[PDB]
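I have placed the structure first, in the form of structure tokens, so that the comments after it can refer back to it.
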Amino acid sequence: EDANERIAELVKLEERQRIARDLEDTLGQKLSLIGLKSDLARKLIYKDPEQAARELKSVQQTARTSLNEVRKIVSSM
Amino acid sequence: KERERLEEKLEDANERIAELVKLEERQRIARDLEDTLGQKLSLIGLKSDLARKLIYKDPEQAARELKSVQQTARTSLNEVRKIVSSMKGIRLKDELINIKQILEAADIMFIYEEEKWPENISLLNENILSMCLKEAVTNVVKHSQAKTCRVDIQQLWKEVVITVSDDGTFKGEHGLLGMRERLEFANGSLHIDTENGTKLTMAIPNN
Ligand SMILES: Nc1ncnc2c1ncn2[C@@H]1O[C@H](COP(=O)(O)OP(=O)(O)O)[C@@H](O)[C@H]1O
Ligand SMILES: [Ca+2]
């Protein structure tokens, strides 16, 4: 029954490789951005708070759609 | 012929078996991801929201939170490099190292001219070559009692080829079926010339 075993291992692997590329791209980028922007936002707490809040709503969105995306890369639908 | 209709009913079922195994893996991985990354992303959204809440109320607590968010983004970045590397599986350059060890320590002289290292080899194909290679050298150390073993890794035009030759005693007639199968699966081939020691020619399309 190996015959099926080892071939199916090959397909998992491939599947694994695919997800891996997708993730790598989108996510590296999005996490760096979130770091950056959360830092600008900190820079404004005092000097311009309304701005800092908008920036934070932004960071919130990029984290949300980041989840979505991961979810999508691994979507079975 | 009808050789066609048949090869294609075969293709159809292979494909279906295919999407089941595929999907099973994707789900398993989806759980892993929820569990790590999904949680970190969610957390970042949470803290950034909290911070926003504290802008006027407690500016210091908000700054503290944003520092927290920055850290969890950093560490998540890490999680990701690691994950993806790990999911990429074992890499051919690395398998080369592995077998240098194995040979040297089973006391066999290892021969390797470094060359035009191929350029557009899918990660999957890289993995099959690494596998076929580990096994071929295993068989060297187990069956040949050769004194020397040379591996060549060359770009030929359709395909990458890796040969492994040993000046030892071809016995037998599991590993070899395994190699022919993986290789076969990627639209490549195994060849076995015993004309003077065990010589193995593992060719696979680049893709
Ligand atoms: N480098 C080698 N030198 C001598 N014999 C070999 C070599 N490689 C393979 N063989 C022979 O081919 C047979 C089949 O090998 P394989 O398919 O790897 O199964 P196993 O290693 O379990 O025998 C081996 O039993 C071995 O005797
Ligand atoms: Ca073997």
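For this structure, a couple of remarks:
- Per-residue 3J(HN,Hα) values for the range B:57-68, derived from phi via the Karplus relation 6.51 cos²θ - 1.76 cosθ + 1.60 with θ = phi - 60°, read 4, 9, x, 5, 4, 5, 4, 4, 3, 5, 5, 3 Hz in sequence order (x marks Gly and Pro).
- Under 17 Å from the B:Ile111 label point (7 Å along Cα→beta-carbon), backbone N, the range B:132-165: B:137, B:140-141, B:144-154, B:162-165
- Here the sum of -39500 (n - 2.57) over DSSP H runs of 4 or more residues, divided by the residues of chain A, equals -32000 deg cm²/dmol at 222 nm, to the nearest 500.
- Percent of beta bridges antiparallel (DSSP, the range B:79-207, rounded to nearest 5): 85 percent
- Sequentially through the range A:22-33, phi angles give Karplus couplings (6.51, -1.76, 1.60; θ = phi - 60°) of 3, 3, 2, 3, 3, 4, x, 4, 4, 5, 4, 5 Hz, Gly and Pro residues having no value and appearing as x.
- Modelled FRET efficiency - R0 22 Å, B:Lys142 with B:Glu184, Cβ distances, 0.05 increments: 0.45
- Chain A: relative contact order as a whole-number percent, Cα under 8 Å and 6+ apart: 31 percent
- Pairs exceeding 29 Å between alpha-carbon atoms, taken from B:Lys1/B:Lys22; A:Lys37/A:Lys72; A:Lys30/B:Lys158; B:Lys9/B:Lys116; B:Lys47/B:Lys82: B:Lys1/B:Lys22; A:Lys30/B:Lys158; B:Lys9/B:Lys116.
- For the segment B:10-19, counting C-beta atoms of other chains within 10 Å of every residue's C-beta and taking the mean gives 1.
- Centroid-to-centroid separation of the range B:31-106 and the range B:108-134 [C-alpha atoms, Å]: 30 Å
- Length gained on full extension, B:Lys57 to B:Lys100, computed as 0.36 nm times the residue gap minus the Cα-Cα distance: 9.2 nm.
- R0 of 30 Å, Cβ-Cβ distance B:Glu7-A:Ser76: FRET efficiency to nearest 0.05: 0.55
The numbers here are math on the coordinates, done by the rules we state, and not lab data. Note that each Cβ is placed from the backbone with ideal geometry, even for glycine, and that neighbours are counted across all protein chains shown.
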